[PDB]
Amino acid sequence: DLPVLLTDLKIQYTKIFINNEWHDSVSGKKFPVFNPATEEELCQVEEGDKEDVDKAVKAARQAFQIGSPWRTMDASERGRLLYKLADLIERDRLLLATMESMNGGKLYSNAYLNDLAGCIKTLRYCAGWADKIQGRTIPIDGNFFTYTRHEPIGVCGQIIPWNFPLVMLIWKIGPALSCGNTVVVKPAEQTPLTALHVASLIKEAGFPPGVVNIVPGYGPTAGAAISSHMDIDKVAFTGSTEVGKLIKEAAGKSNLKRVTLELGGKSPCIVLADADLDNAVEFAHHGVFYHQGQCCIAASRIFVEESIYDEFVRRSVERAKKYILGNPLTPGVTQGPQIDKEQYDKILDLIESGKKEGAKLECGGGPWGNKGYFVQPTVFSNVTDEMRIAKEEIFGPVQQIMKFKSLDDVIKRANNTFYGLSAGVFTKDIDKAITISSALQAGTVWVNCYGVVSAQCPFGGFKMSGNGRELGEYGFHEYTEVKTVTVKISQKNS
């Protein structure tokens, strides 16, 4: 069941959030924010730039100082604060879900039941870790007492994208804060609004000032100032491969800050003849079309064994043909728009490449409507490995389906990409499930399912799909700095 906001959303928070107060931009400049389903302005927002990032970094540094309230509070109280934020987000769930849908072009049903839930669940997960982050005592050679501290790193700059604005903000802040760090978050220029509202809830929960700062703004302005900043200790980023490379170079040129990246993919599924066919069709379908194709882990190469390939394709087309396009707020609407003009153009251009390069068009294949950055859900069959639609992350509702006969051949083809975020394997054979999943060069491999992401599991890429892991026990590693303390003693005993 699914409830709605009984009143019309009114936008309130549109300023830069530093030391728990609302600032105008140093420049006085502001920037517009649109609804992608209508192409209308929703409001203006203060535009942050290097000067404003330099302010937020100073605030974050200050909040991190030895002796400060964020450093001296019990770790269990950092956990409490996060737990409270989660309760507050749950309180304003209608709201947040509506603003997410409206600003992000995200179906309200998903915004409410999935994104909002994932934020809340992820925060509570991270809250639980806070007083469970532990170092070691170590039986070193010689007469010494050695222990390690898993300290927070320091000031972490976090640049996040427009496809899951709330989920991504919580993926970034939840771990960073649980570990004791301070943060300067730069949301996507497209979608600053849910993050500014969450800033209001950070202040209301009671986080010390300067622990979380949020600086709306553009990428090459505000984002670049984060990646090149001499007093930011770590940057985390989700988005394009292009920018991931810039961020990394910038970090090398500046202060050798720590860098973690998540950068999308061209994730493959391998469907064996023995697979439960309908389950495979369903998961691969939802796997590529979710949020209009705008998932890093979109199942954008589906390799099906020859003998079921035609049945797979036909069932996939039947399912793709059942969508209702329109405004993500209206019940029964099952596909929203793409986020903006740039993505719209890229998607249409890649669809054209597919027609031109000889792929078989099964359905969709062009735009839709008079306003909104809508794209008809599109299926291509008989796709081959050198076509643009097989190589490049599309990030639109465009499904590629391809055949294989040889199992060693298809694993090489699945692995033959600089991407490596995720993969899917559909089979009833125990041995093949284990061996295939071992052999795939991907950070997450699903067996007989797809797109299952949980707070308890580390998530990240092999190869150019990123470095590091987020969430799970393992993800917390990227938000600590280990210090070894070795103390001379007269005589050690085991």
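When you see a residue number, it is the position in the sequence shown, counting from 1.
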Of 94-102 and 133-141, which one has the bigger average CA B-factor? 133-141
Look up the CA B-factors in the entry and say which stretch, 243-251 or 192-200, has the higher mean. 243-251
Which of these, 178, 182, 330, 294, has its C-alpha atom at the highest B-factor, as the entry lists it? 330
From 392, 115, 357, 262, the top C-alpha temperature factor is at 357
When the deposited Cα B-factors of this chain's modelled residues are ordered and cut into thirds, is residue 469 in the lowest, the middle or the highest one? lowest
Residue 433: C-alpha B-factor third of its chain, per the entry, is the highest
What third of its chain's C-alpha B-factors does residue 279 belong to: lowest, middle or highest? middle
Where does the C-alpha B-factor of residue 485 rank in its chain, lowest, middle or highest third? highest
Would the CA B-factor of residue 154 place it in the lowest, middle or highest third of its chain? middle
